[PDB]
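> Based on what follows, work out the 3D shape:
(one chain, ligands or ions: 4)
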Amino acid sequence: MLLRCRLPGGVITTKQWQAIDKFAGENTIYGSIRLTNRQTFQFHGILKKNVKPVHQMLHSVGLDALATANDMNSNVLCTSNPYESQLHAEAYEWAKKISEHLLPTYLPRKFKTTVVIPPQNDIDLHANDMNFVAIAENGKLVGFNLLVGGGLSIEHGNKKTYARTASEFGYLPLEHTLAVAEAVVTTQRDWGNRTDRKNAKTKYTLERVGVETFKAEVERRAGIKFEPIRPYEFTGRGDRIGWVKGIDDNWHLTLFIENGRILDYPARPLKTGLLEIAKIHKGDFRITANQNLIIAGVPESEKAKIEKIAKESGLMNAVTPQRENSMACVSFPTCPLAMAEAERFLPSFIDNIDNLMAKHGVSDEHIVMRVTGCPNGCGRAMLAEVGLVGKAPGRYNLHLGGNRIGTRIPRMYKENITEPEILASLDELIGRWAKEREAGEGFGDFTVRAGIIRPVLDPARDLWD
Ligand code: SRM
Ligand code: SF4
Ligand SMILES: [K+]
Ligand SMILES: [K+]
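Residues are numbered from 1 along each chain as shown. Ligands and ions are numbered 1, 2, ... in the order given. Coordinates below:
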């Protein structure tokens with residue numbers, strides 16, 4: 001009553017798309033395709049009499065499922081829509097090679113990997129065990145900076161667990177990629193706590209043995225030494241909504257899809273619309289880490305046709321920049337672990353945020369805002385500027401003071417409060433931000449500067465008050 005696909009970098013062909021669309025419509029309870037924030041999709045509610053057919057369905061189109069509940073390598077992410085458009089094909093092959101390499105290894109806990117192309121951190125690297133930050137010379141990849149040990153999951157009240165950002169190890173030439181990957185996984189495989197699984201994650205291993213220790217083991221195993229980190233900088237995590245020009249006669253249309261939930265709604269047939277686009281589209285689709293969908297590699301001759309369908313089906317309905325940069329995990333009704341609503345709470349909650357933004361003259365700005373149903377953190381609220389972590393039905397821990405690019409964990413500001421309390425708080429603070437902020441200053445960075453909340457400087461030690 002949940003299936004997830006292995007889909008490195010979120011790249012899926014249109015022939016594949018027609019297959020999963022058919023199956024979701026006819027052989028699941030919910031009848032939907034659910035885009036995940038790890039660039040793949042899920043079915044919800046598969047009857048046991050259809051579990052066999054679904055793997056047969058995937059295989060017939062060259063796809064394969066991920067086992068959700070094993071301690072394995074999860075979907076490998078890859079920046080979906082790089083500003084340097086040409087870089088994508090390469091980055092993607094490496095995401096694919098790494099994904100295949102790490103197939104059956106057998107770990108203390110699930111292992112999470114990304115290929116990142118600056119200046120975008122859409123894939124949200126600091127949530128991940130192992131990150132390859134691409135370095136390019138003249139439109140060709142030369143190497144990667146390696147960042148190890150991100151992970152967001154916590155347990156309420158439990159100061160022995162914590163979200164942690166990933167750590168810089170150094171730079172490696174393209175050619176050692178697979179040896180470094182394997183070195184990191186096997187090092188974690190060997191040193192990771194196998195008794196307590198809420199302490200097995202790489203982030204805990206690193207804090208137990210030290211960064212330098214873990215890094216030296218990896219050099220030893222990979223047969224290399226790391227060079228110093230090479231320059232890179234991030235400007236955002238958002239998707240690029242609408243048309244963007246690729247290379248040559250190539251255009252990408254990124255469709256905003258609230259909670260990545262693909263279904264036919266009243267006056268908005270999202271599912272039927274994407275099926276029809278899939279039927280005529282020359283290239284393929286890309287599932288983003290923001291739970292959106294890119295119709296990729298559209299020739300300029302084909303733009304009006306594609307856009308007519310998307311438009312008619314409600315796929316291109318204008319939403320605020322605030323809504324484009326908000327996210328929620330699945331939670332109820334399907335998640336057995338859910339504490340508070342997340343996906344089903346987000347749309348109305350953001351309507352209220354939209355009103356507050358408008359109330360303060362900042363309807364054109366945005367705050368990276370995320371809701372997660374429980375402290376497992378799937379919604380990545382623990383890298384948000386404003387994070388809501390579900391604690392019970394209708395109640396959330398409110399976190400403040402991450403930043404736009406997702407390199408700082410937000411500290412808990414208020415605990416176990418309800419939506420009206422949350423809104424009243426944010427009304428106050430957004431008002432202060434609108435009036436007192438320096439030019440271009442983000443809301444997260446502001447709360448910190450103005451002493452509204454203390455920054456989280458050393459997660460393992462100062463996350464918890
Ligand atoms: C769909 C998704 C959220 C979303 O709306 O997109 C999701 C959904 C669930 N996550 Fe997740 N996680 C999703 C990204 C994440 C990420 C964010 C990321 O990877 O970018 C995290 C936080 C980062 C991290 O790993 O720390 C995350 C941390 C977890 C955890 C906590 C793991 C831990 O280290 O403690 C669990 C529970 C567990 O396994 O212990 C979990 C468990 C779950 C399960 C499978 C619940 C379960 O174990 O029974 C969820 C299924 C709910 C449902 O019915 O659909 N999910 N989950 C993401 C699917 C990812 C994918 O395609 O493979
Ligand atoms: S965060 Fe907690 S609630 Fe939201 S999906 Fe992941 S597990 Fe279910
Ligand atoms: K952005
Ligand atoms: K989305």
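
> contacts and neighbour counts: CA atoms only from here.
Will do.

> near ligand 3, which residues of this structure?
236, 238 (CA under 5 Å from the ion).

> Mark out where each domain of the chain begins and ends.
Annotated domains of the chain cover 1-68+236-319, 69-235, 320-462 [curated CATH domains].

> nearest to ligand 4, of those domains?
domain 1-68+236-319 (4.2 Å; CA to the ion).

> Quick check: the closest residue to ligand 1 within the stretch 351-465 of the chain vs residue 335, distance?
In the stretch 351-465 of the chain, no residue comes nearer to ligand 1 than residue 378, which is 3.4 Å away by CA to the nearest ligand atom. Distance, residue 378 to residue 335, by CA to CA, to the nearest Å: 11 Å.

> neighbour count winner among these two?
It is residue 378, of residue 378 and residue 335, that has more neighbours when counted by other CA atoms under 10 Å, with 21 against 13.

> mind listing what that one touches?
153, 329, 372 (CA atoms under 8 Å, 6 or more residues apart in numbering).

> Number of residues surrounding the second one?
If you count neighbours by other CA under 10 Å, residue 329 ends up with 27.

> which ones are touching residue 134?
91, 115-118, 141-145 are the contacts of residue 134 under CA under 8 Å, 6+ apart.

> from the residues you listed, which are also near ligand 4?
Checked against ligand 4 using CA under 5 Å from the ion, these give no members in range.

> buried set for stretch 127-143?
Buried residues in stretch 127-143, counted by 16 or more other CA atoms under 10 Å: 127-135, 141, 143.

> Let's have those in a markdown table, adding secondary structure.
Shown next, in a markdown table, are those (DSSP: H, G, I helix; E, B strand; the rest coil):
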| residue | secondary structure |
| --- | --- |
| 127 | helix |
| 128 | coil |
| 129 | coil |
| 130 | strand |
| 131 | strand |
| 132 | strand |
| 133 | strand |
| 134 | strand |
| 135 | strand |
| 141 | strand |
| 143 | strand |
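
> Not counting its neighbours along the chain, what's nearest residue 271?
residue 263 (4.8 Å; CA to CA, 6 or more residues apart in numbering).

> which SS class is the closest residue to residue 437 other than its chain neighbours?
Leaving aside its chain neighbours, residue 437 sits nearest to residue 446 (6.7 Å; criterion: CA to CA, 6+ apart). The three-state label given to residue 446 by three-state DSSP is helix.

> residues in contact with residue 446?
Contacts of residue 446 by CA under 8 Å, 6+ apart are 401, 433, 437.

> most neighbours, which of those?
Going by other CA under 10 Å, residue 401 tops the contacts of residue 446 with 30 neighbours.

> any idea how far residue 412 is from that residue?
For residue 401 relative to residue 412 (CA to CA), the value is 9 Å.

> again, but for residue 271
In terms of CA to CA, residue 271 sits 38 Å off from residue 412.

> what's the burial count for the residue nearest to residue 293 when sequence neighbours are not counted?
In space, and not counting its chain neighbours, residue 293 is closest to residue 287: 4.8 Å by CA to CA, 6+ apart. When counting by other CA under 10 Å, one arrives at 27 neighbours for residue 287.

> Check residue 283 too.
Each residue near residue 283 was counted by other CA under 10 Å, and the total is 14.

> Pretty sure it sits against residue 15.
No: at 10.0 Å, residue 283 does not count as touching residue 15 under the criterion of CA atoms under 8 Å.

> Now do the shared contacts for the two.
The overlap between the contact sets of residue 283 and residue 15 (CA under 8 Å, 6+ apart) is empty.

> Need the three-state assignment for the residue of the stretch 351-465 of the chain closest to ligand 1.
coil.

> distance of it from residue 346?
As judged by CA to CA, residue 378 and residue 346 stand 14 Å apart.

> go on, residue 115?
29 Å.

> Of these two, which one has the most company?
Neighbour count, other CA under 10 Å: between residue 115 and residue 346, residue 115 has more, with 25 against 22.

> So what touches the helix or strand where that one lies?
Remark: residue 115 resides in strand 113-116, with elements defined by DSSP states H and E. With CA under 8 Å, 6+ apart as the contact definition, strand 113-116 has outside contacts at 73-79, 91-92, 94-95, 123, 125, 128-134.

> and it, does that touch ligand 1?
No: Strand 113-116 does not reach ligand 1 (CA under 6 Å from any ligand atom); its nearest approach is 8.8 Å.

> picking that back up, using CSV, lay out the buried residues of stretch 127-143 together with distance to ligand 2.
Output for the buried residues of stretch 127-143, formatted as CSV (distance: CA to the nearest ligand atom, whole Å):
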residue, distance to ligand 2
127, 13
128, 15
129, 17
130, 20
131, 21
132, 25
133, 26
134, 29
135, 32
141, 34
143, 33
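
> Among those residues, which one lies nearest to residue 224?
residue 143 (13.5 Å; CA to CA).

> dump the residue contacts of that closest one.
Residue 143 neighbours (CA under 8 Å, 6+ apart): 134-136, 171-175.

> how about the helices of the chain, start to end?
Ranges of helices in the chain, per DSSP state H, are 14-27, 51-59, 88-101, 177-191, 202-209, 211-222, 270-280, 303-312, 321-324, 346-359, 419-436, 443-449, 459-462.

> Quick one: closest of the ones you listed to ligand 2.
Judging these by CA to the nearest ligand atom, what sits closest to ligand 2 is helix 346-359, at 12.0 Å.

> Packing partners of that closest one?
helix 321-324, helix 419-436 (3 or more CA pairs under 8 Å, 6 or more residues apart in numbering; DSSP states H and E).

> so what's the closest residue to ligand 1 within the stretch 1-150 of the chain closest to, chain neighbours aside?
Per CA to the nearest ligand atom, residue 36 is where the stretch 1-150 of the chain lies closest to ligand 1, at 3.4 Å. Residue nearest to residue 36 in three dimensions, not counting chain neighbours: residue 291, with 5.3 Å by CA to CA, 6+ apart.
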